[PDB]
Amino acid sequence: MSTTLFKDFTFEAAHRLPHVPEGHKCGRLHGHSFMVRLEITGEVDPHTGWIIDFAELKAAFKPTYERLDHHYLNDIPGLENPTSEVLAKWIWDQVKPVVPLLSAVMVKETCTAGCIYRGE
C-alpha cells in the first residue's frame, strides 16, 4: 500500500548546452516551455484527507519556480550545464529541504521528451 501525489508546473526559459560538439543545435542559444512535475509520497492525514494541499506544494516550489521562469538557466549557479537531468536534480536539491516527502522530480523540455530524478 502507498499513496503518491503530484503537481505539474511549466516555466518559460532559455538555455544552451555548453558541452556538446560544435555542430549540435542544443549548443545554440534557445529555449523551451519546461514542464516540471513534483511527486510526493506520504501518508494521508485522517482529518485533512490529503497528504499535503496541492497549494502548499505550489507555495513551497514558488521561490524556485520564480528563479527558473522567464530566465536564462545558464546564469543560475549549479545550472551551468542545464540538461534536463542536471535540472531535475537541481530542482530536487532546492525543493527537498522544504518538501521532505518529495519522491521524484520530472522535467520535460518538450511534451515528447523528459527526465525523472528520484533522489532517494
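Residue indices: 1-based, along the sequence shown.
According to the PDB record, 15-23 carries the higher mean C-alpha B-factor of the two stretches 15-23 and 98-106. On average the C-alpha atoms of 26-34 have higher B-factors than those of the other stretch, with 86-94 and 26-34 being the two compared. For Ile51, the recorded CA B-factor ranks within the middle third of the chain. Only modelled residues enter the ranking.
Ranked by C-alpha B-factor against the other modelled residues of its chain, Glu43 falls in the highest third.
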